[PDB]
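Quick heads-up: it's one chain on its own, the form deposited in one PDB entry, in structure tokens.
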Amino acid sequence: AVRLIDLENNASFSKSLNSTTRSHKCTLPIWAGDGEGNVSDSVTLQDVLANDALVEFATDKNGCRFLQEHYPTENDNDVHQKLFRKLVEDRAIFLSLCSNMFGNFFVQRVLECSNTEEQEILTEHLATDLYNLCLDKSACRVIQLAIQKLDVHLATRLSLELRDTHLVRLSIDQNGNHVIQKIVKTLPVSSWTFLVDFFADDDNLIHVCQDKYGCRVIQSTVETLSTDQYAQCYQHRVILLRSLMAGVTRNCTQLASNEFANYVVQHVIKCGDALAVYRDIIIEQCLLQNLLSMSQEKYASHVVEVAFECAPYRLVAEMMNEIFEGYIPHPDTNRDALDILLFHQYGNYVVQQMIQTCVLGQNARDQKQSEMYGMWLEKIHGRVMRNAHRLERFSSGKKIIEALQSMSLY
């Protein structure tokens, strides 16, 4: 049995002869089309492999649809292996097809059909330029499907590839925000602990939180670290959540009176449970002494609504005492916080929430609490009835008067 060394034939001039297309926009080569931009029925995948034209099929829509339809799902199929080897033969060719408007659908298809051995070379290719890939509009979808299908260890390598980068630029990005989120919501916490480290800085937290995309990132991170629940005796997540919530609480005044940041503020009040302690701090450190001023604001009035809805009674009593007896009346008009918020565009929503909290808490176990909630209802009814002649003309006044219909302190 003499040995035979079979070297490959130098087909240097084949990318040249696949560069010829009928149209200047579609990239499908002239040999594979029927004239109208589609793929001829005589064309098979072995014809793609024989002409070295996976790349040129991939960046054309119909050729990539052909590749995605006829791709063999089984890993021991021959044509599957030759196509995958042609894909991952070159780093630059692979990363280009990932960043192609059309080839990323084929890279996603080979992600759905992959097993572990393919996943290793796929991860090694992606990790070389992962950050700029997450910045790309087409390649970032490939990155999201990777975090979903890649084995945890491979995805972890990928997530820690973003460790010392410009994470604020990634988190405020239109495409990259979804990657960060995917990682946080998909992978175990140790894969992205450095992300919490990046938000240990106050300035990085604000810039990201006060952004149309980064507020979703902060919301996903907080939901994940909190959803841990009480299934842990020693929880490492609590330390991480504490490190983050610290900045939220330090800058919660600016974040509450803000276009995008206020939403995540509502989350730490809406959730309760693991975030209850932080909710209370929030109510003690920017809500109190400010409730009139933020209830006349467009963004922070929702924060005052959810704080009135979800607080414990000890804090709710402080808010009610602040609205009823906490401000000096206006020197010209003799008008307190309640008289202002009855006829205010945003503040009437706050007053309806106070009414709703009082009628829900009148069904409480503690009698004193029920009596106190009623007292506050009788205060509200006294102001409303006095002002009811003007308030009846408004829609908000109709909703308010319908809310105090047929009540009883008992």
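Residues carry their position along the shown sequence, with the first being 1. Heads up, when I say rigid core I mean the largest set of C-alphas that superpose within 1.5 Å between the two forms.
We do not show the form deposited in another entry, though everything after this point is about it.
- Residue showing a CA shift of 2 Å or more between the shown form and the other one (rigid core superposed; candidates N321, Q254, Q174, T73): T73.
- Fitting the two forms on the rigid core leaves the C-alpha of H381 displaced by under 2 angstroms between the shown form and the other one.
- Positional change of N62 between the shown form and the other one reaches 2 Å or more at the C-alpha, relative to the superposed core.
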